[PDB]
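The sequence lines fix the lettering, A, B, ..., with proteins before strands; numbering per chain opens at 1. All heavy atoms count here, side chains included; hydrogens, waters and symmetry mates do not.
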Amino acid sequence: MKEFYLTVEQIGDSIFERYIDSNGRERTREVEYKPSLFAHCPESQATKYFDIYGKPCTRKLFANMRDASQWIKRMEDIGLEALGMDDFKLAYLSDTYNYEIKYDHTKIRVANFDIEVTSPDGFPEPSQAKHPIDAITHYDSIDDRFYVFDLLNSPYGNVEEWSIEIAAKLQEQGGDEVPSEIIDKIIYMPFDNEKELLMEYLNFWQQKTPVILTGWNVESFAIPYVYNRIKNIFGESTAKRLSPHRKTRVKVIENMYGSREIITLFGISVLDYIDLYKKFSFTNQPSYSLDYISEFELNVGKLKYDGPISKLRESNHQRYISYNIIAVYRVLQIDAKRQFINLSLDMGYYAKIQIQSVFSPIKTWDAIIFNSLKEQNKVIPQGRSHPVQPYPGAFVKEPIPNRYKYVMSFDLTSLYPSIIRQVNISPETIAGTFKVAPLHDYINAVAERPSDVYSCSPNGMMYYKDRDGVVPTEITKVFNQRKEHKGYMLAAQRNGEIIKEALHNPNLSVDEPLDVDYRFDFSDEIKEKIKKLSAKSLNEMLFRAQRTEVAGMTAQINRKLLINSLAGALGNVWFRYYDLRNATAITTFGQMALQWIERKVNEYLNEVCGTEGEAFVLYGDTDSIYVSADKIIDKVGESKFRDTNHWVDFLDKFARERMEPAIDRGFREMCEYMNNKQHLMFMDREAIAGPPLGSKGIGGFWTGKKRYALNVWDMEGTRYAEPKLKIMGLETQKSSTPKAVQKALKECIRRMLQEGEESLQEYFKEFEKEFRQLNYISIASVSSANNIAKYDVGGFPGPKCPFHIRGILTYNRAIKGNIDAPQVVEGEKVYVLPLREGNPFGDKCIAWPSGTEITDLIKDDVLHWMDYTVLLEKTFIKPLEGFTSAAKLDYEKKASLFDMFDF
DNA sequence: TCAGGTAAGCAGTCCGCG
DNA sequence: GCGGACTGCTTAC
Ligand SMILES: Cc1cn([C@H]2C[C@H](O)[C@@H](COP(=O)(O)OP(=O)(O)OP(=O)(O)O)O2)c(=O)[nH]c1=O
Ligand SMILES: [Ca+2]
Ligand SMILES: [Ca+2]
Ligand SMILES: [Ca+2]
Ligand SMILES: [Ca+2]
Ligand SMILES: [Ca+2]
Ligand SMILES: [Ca+2]
Ligand SMILES: [Ca+2]
Ligand SMILES: [Ca+2]
């Protein structure tokens, strides 16, 4: 076995490393690492070290790390660049692991934990830790066991032991429904006092020290609470045993409107699952309570209990403990699905960084580029100070608001990384500049050719063509990984649709799901066996295909994010390779590419249709074009098609055999015009969209930039069993829009695109009639809530107070002088409801914490004074009026001459 | 919301617009 | 009532 690190830290002049040795065992070592840094030297001096520009450098070896850091400061005092990796633990990792790391996850101790703290006087603040910790469940991945530490005696109540027998029972038996598959994996430990609980927890921690530490809100709550509680009871030295090197620090996390404190545990990598989820899930949720996310991800029910959480232990300790265990399990279930831990390990080891550094793409790229350059004996530049400056981004075409019946879209593969590779954009490949004409002149191919020697971007930048820069080289590697995983994702998607089709005709038999690899397109033999399977087996296969698709999605989308972030890192002042010339070279090239190809596609289609000056490209955003296919369908005639799938096949063939070759020729010409290193602008068909054949559906519509809806039959080669709505930007897609309203608007859109005006009118009339019956939570708006203090003037709205903030202030007055009432947390999300004139709350709206029922202190009054009329107009009617006006349809039936006959 | 980037939409405040 | 200047928030890319 090849060795690999687990954690690394600098503590004074020592590196502390936990690692897995060549025998598969966990070890710890302290190394008096002597770092090297670099200074420029005369050309006459012999060396093997050169900076990224080819200037010679001398290596300076220091007696210790403090000396190296002190030298950096003196070099600044003198006014000379101090070159090399100034983060010494990254240099240590590079020296110690000078090969591609192959890691074994089964040797890595991943701990998931959750704590309970009974608090009668509000939220138990981690910084204070004034209340006993009365439950800890700690799952260990190596043992595959849930360790449960249960406090039976507290100042807030003495309780009986938790019963595993009752826990396993159905809720209909009075049990807690702790999943049968984890019942045998629970190791239960009751304690008669908190001191013994915490002492045993620390001994346990010492025996089974987490490498990766995760859970839900562990970084902001569980970890600081445990640390501060142990500190309060036993003193600092005991609390620091949570670090394998006995070193901790309070770290201040600063944001624009305040700060918070966390505990850094040296020698542990904390990956709080709430933060993994926010970074890697590509969702925006109305609430981030574990309950809300578990329901969303797993379709598991809410963990139900009576009374407030502050009385749950006292009233129902059995359920209190069971729910603590289930909470830990739900995070593991989410990870089994999403695989964010696996992703973090993959990317961390690839870059050779502390695993927790995967949250920072700048840190990630700094390490990848450093390791790459080091291998060539090249020396990285010193990081410099830069003022933050704005720079231009993508082009977005202004669409004509309208219905659009038949639409085919086309999209460039990994645009920004492909631009970097094509142009050869890198710190060390800058060759100079040329005199820029207006962008319009390059788009229309009338500007003079920028260069006959160098590779160019229309922002004026020129790049070397003799060899790839380090940025293009390293971005290509991660791009290739992304491409592989996307392949697996798309195959699983296509396989899912095969199963959906088979589910139309399930067989009446008892059988089992097929053992197959969903990452690869099903063979003919598998397809034949699938046609003979029962619904139970097919549904099990569908679930497995969809889980495979999710795994592929996680792996691909976040690798996409990583490579895209390199383009943005070039525009971030903290990146070692910050250069607005390079950042702008990327975005400006993108603007040209989109508008260039718009012109080319319009020219091609005008030629094939025999017209002049007609716009076939109706829209584009960044790297995509949307093409009207009405005329293409009309040339064959709608009556000539047997069914919907027939014209979809036809448009698919037209895009692949005629349009893509024309698009490719257009981009190859653009490559020559800019004299680029390599043609990498690959624009493939994305969506085929239209109404069902023979229906009155409108197919699609646009209301404006970044606001449209399409009825899609085929997406990137996936032919759907049922048509799929692609809706971007509209209120159905916004977390701020009430849940039931999202649903209603989506059905309105479905009816518009698939069925027509009359169907839409029927549904509107019904929703308007019935909506007052909807649950208040389902019709509440959602908003993030920043700067509550700023707009608070003695409990009342100050000047320019935002609507959602006004709601919070209203809530605050209504719960005034009440410790048990849920508090709205600064920077978190709230539900918002309008209030009718003359209500007892004394204002036009109220807001409360999202993902929760409003406190019984005011619930019935909120329900009684809810302004349903305002709700409907603002969240439903106004957006719908926008959709229908754009589509040129009416959501209410207009008066006609036939009304004079009504019978 | 500690953690690559810009473009751009809509809600709402404040207040002008004879 | 709408629209501009502005803040706040949220998406598309
Ligand atoms: C989605 C996304 C795009 N972008 C920018 C960079 C992208 O290259 C460009 C186009 O966006 P996309 O077309 O969404 O993504 P992509 O072209 O990089 O990858 P794919 O092969 O899946 O089409 O917009 C971001 O900066 N951040 C993002 O999160
Ligand atoms: Ca809890
Ligand atoms: Ca398990
Ligand atoms: Ca793209
Ligand atoms: Ca594609
Ligand atoms: Ca069948
Ligand atoms: Ca795109
Ligand atoms: Ca795509
Ligand atoms: Ca009441």
Side-chain angles (χ1 to χ4, degrees), chain A residues 219-220 251-262 272 274-276 278-280 282-284 286 288 356-366 388-398 411-412 415-417 560-575 577-578 580 582-584 586-588 590-591 594 619-624 703-708 726-737 781-787 790-791 797-807 825-830 832 834 844-845 874-875 878-879 882:
Chain A
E219 197 181 64
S220 62
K251 193 188 182 178
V252 292
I253 306 300
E254 291 194 332
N255 67 93
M256 212 163 189
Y257 311 113
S259 69
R260 59 186 183 92
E261 292 180 341
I262 67 163
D272 196 337
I274 197 170
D275 293 323
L276 292 174
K278 285 176 182 179
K279 184 178 170 56
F280 298 132
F282 287 81
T283 63
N284 198 3
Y288 289 92
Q356 68 269 32
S357 286
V358 299
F359 288 116
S360 167
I362 287 168
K363 180 59 85 165
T364 304
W365 280 114
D366 196 41
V388 176
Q389 289 188 296
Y391 68 97
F395 174 81
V396 187
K397 181 183 170 65
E398 188 78 68
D411 164 79
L412 284 149
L415 182 68
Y416 282 15
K560 168 178 167 172
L561 190 282
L562 185 60
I563 58 179
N564 287 349
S565 69
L566 185 46
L570 295 158
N572 180 294
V573 298
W574 301 99
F575 192 40
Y577 311 95
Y578 174 82
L580 243 38
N582 286 347
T584 310
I586 296 161
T587 62
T588 305
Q591 289 188 2
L594 179 53
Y619 184 69
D621 183 340
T622 307
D623 72 331
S624 71
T703 81
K705 289 180 185 181
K706 296 179 194 285
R707 289 186 61 88
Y708 62 95
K726 177 176 182 60
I727 308 166
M728 311 310 304
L730 308 186
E731 279 76 5
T732 53
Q733 314 305 118
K734 297 176 97 289
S735 62
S736 45
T737 297
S781 296
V782 183
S783 189
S784 291
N786 304 300
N787 285 295
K790 190 222 267 198
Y791 294 103
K800 218 160 162 57
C801 183
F803 189 83
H804 60 289
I805 302 303
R806 181 183 290 273
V825 184
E826 167 73 16
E828 233 81 285
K829 293 186 185 187
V830 290
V832 186
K844 56 168 173 178
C845 64
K874 276 158 52 164
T875 68
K878 213 175 294 289

Undergrad: Would you give the length of the straight line joining atom CD1 of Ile563(A) to atom CG of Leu415(A), rounded to the nearest 0.5 angstrom?
TA: 10.5 Å
Undergrad: Once you apply a heavy-atom cut-off of 4.0 Å, does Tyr416(A) come out as touching a base, just sugar-phosphate, or nothing?
TA: nothing
Undergrad: Round to the nearest Å and state the distance from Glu828(A) atom CD to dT10(C) atom P.
TA: 12 Å
Undergrad: Output yes when a side-chain donor or acceptor of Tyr619(A) lies under 3.5 Å from a complementary backbone atom of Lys706(A), and no otherwise.
TA: yes
Undergrad: Considering every strand and a 4.0 Å limit on heavy-atom distances, what is the contact class for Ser783(A): base, sugar-phosphate, or nothing?
TA: sugar-phosphate
Undergrad: Quick check against the 3.5 Å criterion: does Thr737(A) have a side-chain atom that pairs as donor or acceptor with the backbone of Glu731(A)?
TA: yes
Undergrad: What distance, rounded to whole Å, do you find between the two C1' atoms, one in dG4(B) and one in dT7(C)?
TA: 25 Å
Undergrad: Roughly how far apart are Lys734(A) NZ and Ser781(A) OG, rounded to 0.5 Å?
TA: 9.5 Å
Undergrad: For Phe359(A) and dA3(B), say yes or no: do the ring centres fall under 5.5 Å of each other while the ring planes differ by less than 30°?
TA: yes
Undergrad: Is there a donor and acceptor pair, one atom on the side chain of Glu219(A) and one on the base of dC2(B), closer than 3.5 Å?
TA: yes
Undergrad: Can you measure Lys800(A) atom NZ to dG8(C) atom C1' for me and round it to whole angstrom units?
TA: 10 Å
Undergrad: What nucleic acid atoms does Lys790(A) come within less than 4.0 Å of, heavy atoms only: base, sugar-phosphate, or nothing?
TA: sugar-phosphate
Undergrad: Between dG5(B), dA3(B), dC9(C), which nucleotide has the shortest distance from any of its atoms to the side chain of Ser360(A)?
TA: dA3(B)
Undergrad: For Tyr577(A) and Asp366(A), work out which heavy atoms get closest and say how close.
TA: CE1-OD1, 4.0 Å
Undergrad: Nearest whole angstrom, please: distance from the P of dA3(B) to the CG of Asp366(A).
TA: 17 Å
Undergrad: Please classify the nucleic acid contact of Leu562(A) as base, sugar-phosphate, or nothing, using heavy-atom distances under 4.0 Å.
TA: nothing
Undergrad: Checking all strands, does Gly393(A) fall into the base, sugar-phosphate, or nothing category for heavy-atom contacts under 4.0 angstrom?
TA: sugar-phosphate
Undergrad: Start at the 5' end of DNA chain B and walk down; is the nucleotide closest to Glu826(A) or to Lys705(A) reached first?
TA: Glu826(A)
Undergrad: Between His804(A) and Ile727(A), which residue's closest nucleotide on DNA chain C lies nearer the 5′ terminus?
TA: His804(A)
Undergrad: I want to verify a distance call: between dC2(B), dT10(C), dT13(B), whose nearest atom is closest to the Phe803(A) side chain?
TA: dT13(B)
Undergrad: Give one of base, sugar-phosphate or nothing for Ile262(A), where a contact means two heavy atoms less than 4.0 Å apart.
TA: base
Undergrad: Please confirm whether the shortest side-chain N or O distance from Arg806(A) to OP1 or OP2 of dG12(B) is below 4.0 Å.
TA: no
Undergrad: How many Å lie between CH2 on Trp574(A) and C1' on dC2(B), as a whole number?
TA: 13 Å
Undergrad: Could you check whether the side chain of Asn284(A) and the base of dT11(C) have a donor-acceptor pair of N or O atoms closer than 3.5 Å, going by distance alone?
TA: no
Undergrad: So if I take every side-chain heavy atom of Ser735(A) and compare against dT13(B), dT10(C), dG9(B), which nucleotide ends up nearest?
TA: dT10(C)
Undergrad: For the side chain of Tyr257(A), starting at C-beta, report the closest nucleotide among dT11(C), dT1(B), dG8(C).
TA: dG8(C)
Undergrad: NA contact type, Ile362(A), heavy-atom cut-off 4.0 Å: base, sugar-phosphate, or nothing?
TA: sugar-phosphate
Undergrad: Tell me the interatomic distance from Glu398(A), atom CD, to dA12(C), atom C1', rounded to whole angstroms.
TA: 15 Å
Undergrad: For nucleotides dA3(B) and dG8(C), find the distance between their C1' atoms and express it as a whole number of Å.
TA: 22 Å
Undergrad: Any chance you could measure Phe359(A), atom CZ, to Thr364(A), atom OG1, to the nearest 0.5 Å?
TA: 10.5 Å
Undergrad: Between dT10(C), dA12(C), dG8(C), which nucleotide gets closest to the side-chain atoms of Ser784(A)?
TA: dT10(C)
Undergrad: Between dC10(B) and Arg707(A), is there an OP1 or OP2 to side-chain N/O distance shorter than 4.0 Å?
TA: yes
Undergrad: Checking all strands, does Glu254(A) fall into the base, sugar-phosphate, or nothing category for heavy-atom contacts under 4.0 angstrom?
TA: sugar-phosphate
Undergrad: If only side-chain N and O atoms of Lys278(A) are considered, is one of them under 4.0 Å from the OP1 or OP2 phosphate oxygen of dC2(B)?
TA: no
Undergrad: Where the side chain of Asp621(A) is defined as all heavy atoms beyond and including C-beta, which of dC10(B), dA12(C), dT13(B) is the nearest nucleotide?
TA: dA12(C)
Undergrad: When we call it a touch if two heavy atoms are under 4.0 Å apart, what does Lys279(A) touch: a base, just sugar-phosphate, or nothing?
TA: nothing
Undergrad: Both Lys397(A) and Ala785(A) contact DNA chain B. Taking the nearest nucleotide for each, which residue is further toward the 5' end?
TA: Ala785(A)
Undergrad: Just the rounded figure in Å: distance from P of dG8(C) to CE of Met256(A).
TA: 10 Å
Undergrad: Counting just side-chain N and O atoms, does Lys734(A) come under 4.0 Å of either OP1 or OP2 of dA8(B)?
TA: no
Undergrad: Would you mind classifying the nucleic acid contact of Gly704(A) as base, sugar-phosphate or nothing, using non-hydrogen atoms under 4.0 angstrom?
TA: nothing
Undergrad: Measure the distance from CG on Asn572(A) to P on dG4(B) and round it to the nearest whole Å.
TA: 6 Å
Undergrad: What does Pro799(A) touch in the nucleic acid at a heavy-atom separation under 4.0 angstrom: a base, only the sugar-phosphate, or nothing?
TA: sugar-phosphate
Undergrad: Kindly compute the distance separating CD (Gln591(A)) from CD1 (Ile586(A)), expressed to the nearest 0.5 Å.
TA: 13.0 Å
Undergrad: Between atom OG1 of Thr732(A) and atom CD1 of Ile727(A), what is the distance when rounded to the nearest 0.5 Å?
TA: 4.0 Å
Undergrad: Using a heavy-atom cut-off of under 4.0 Å over every strand shown, decide if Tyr791(A) touches base, sugar-phosphate, or nothing.
TA: sugar-phosphate
Undergrad: Taking only the side-chain nitrogens and oxygens of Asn786(A), find out if one of them lies under 4.0 Å from OP1 or OP2 of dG8(C).
TA: no
Undergrad: How long is the line joining CG of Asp623(A) and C1' of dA7(B), in whole Å?
TA: 14 Å
Undergrad: Please look at the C1'-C2'-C3'-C4' dihedral of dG5(B) and say whether its sugar is north or south.
TA: north
